[PDB]
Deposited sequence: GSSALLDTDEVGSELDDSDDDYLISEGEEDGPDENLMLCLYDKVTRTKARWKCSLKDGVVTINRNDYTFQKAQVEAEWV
């Protein structure tokens, strides 16, 4: 809706957007996905807001 678990906790170096296409350069993080944990030096996110 309009007003305010697999969770990634990290730092961001850069976040950009062109039209509805978002790109995020992340680093130094930990994430739990489907009950398994991963640590990472870098992560790149490419997501469409549509």
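Going by C-alpha coordinates, which parts of the deposited sequence are missing from this model?
1-20, 25-33 are the stretches of the deposited chain that have no C-alpha coordinates in the structure.
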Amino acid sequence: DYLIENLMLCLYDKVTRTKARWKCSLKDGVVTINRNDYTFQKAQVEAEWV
From here on, numbers count along this sequence of modelled residues.
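Return whichever of 13-21 and 32-40 has the greater mean Cα B factor according to the PDB record.
Looking at the record's C-alpha B-factors, the answer is 32-40.
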